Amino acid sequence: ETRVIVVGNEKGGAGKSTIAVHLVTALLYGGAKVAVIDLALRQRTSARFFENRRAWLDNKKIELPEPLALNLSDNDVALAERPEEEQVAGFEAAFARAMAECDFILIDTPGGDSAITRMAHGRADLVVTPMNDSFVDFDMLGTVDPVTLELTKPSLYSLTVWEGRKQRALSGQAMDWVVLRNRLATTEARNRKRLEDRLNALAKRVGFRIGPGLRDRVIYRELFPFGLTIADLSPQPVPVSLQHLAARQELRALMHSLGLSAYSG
């Protein structure tokens, strides 16, 4: 069937590239055959991750699953400068070509608005939208009243997904949308509550369902230079910590909630 996952949030630093790289890496290890498309043309975090994996595995001469990384150009930083049309054309090539060869297409998007970004939301089966536990992030999903503090209306990014559905209702056939809270820390109780309320109210208005959070964790960020993740450090030498264990736990919970239980452990 070939399912397409779009990781999205207009907000910067929501954790989009981090959830995408760990999604890919988990799927790979569930036998699946993944394609990774990175639409952050300049930053190219997912793309950079896997260039580092490539270069690393190579040097150490060990072997591990690699996705099928796909660029729009021979130089995307450069392509970022050409007009929308050329970017879209590039996307075209990369998407079409991945439809062929892969079971999942993982698309990581950038933290603003663009043609290719909008195009990706319209061709997606699942939209995973990680966010920070914070009203600053929440403001791209829904507008809250300063005095009352009631939610008040959907907001910029909500609309972006709402239109990526109307664009899937020309080719007729239901889009899962999951918002999960990422980089969770210790206390934050009062704020985590006020936020959790609006989060729910908004779900009813806009049609997403909340997934399980990840917590702030060095291991989610520490291995980027090598292009590795926790899913690569398994005992299957191997030093396992309580933290590593909590982490692969959360990832697993996450995987299930996205209905990818078929590919965990």
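Quick note: we count residues from 1 along the sequence shown, nothing fancier.
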Item to complete: Quick one: classify how much of the deposited chain lacks coordinates between residue 173 and residue 174, choosing none, 1 to 3, 4 to 9, or 10 or more.
Response: 1 to 3
Worksheet, complete the sentence: As the entry stands, the deposited residues without coordinates between residue 59 and residue 60 add up to none
Discussion item. Using only C-alpha atoms and the B-factors in the entry, which stretch averages higher, 132-140 or 117-125?
Written reply: 117-125
Item to complete: With reference to the PDB entry, specify whether the mean Cα temperature factor is higher for 144-152 or for 164-172.
Response: 164-172
Practice prompt. Please work out which residue in 179, 159, 80, 185 has the highest C-alpha B-factor recorded for this crystal structure.
Written response: 185
Worksheet item: Which of these, 243, 17, 25, 9, has its C-alpha atom at the highest B-factor, as the entry lists it?
Response: 243
Item to complete: Using the B-factor values recorded in the entry, state whether the Cα atom of residue 76 falls in the lowest, middle or highest third among the modelled residues of its chain.
Response: middle
Worksheet item: Comparing residue 52 with the other modelled residues of its chain, is its CA B-factor in the lowest, middle or highest third?
Response: middle
Discussion item. Using only modelled residues of the chain, where does the Cα B factor of residue 233 rank: lowest third, middle third or highest third?
Written reply: highest
Worksheet item: Based on the entry's values, in what third of the chain does the Cα temperature factor of residue 67 lie: lowest, middle or highest?
Response: middle
Worksheet item: Which third of the chain holds residue 205 when residues are ordered by C-alpha B factor: lowest, middle or highest?
Response: highest
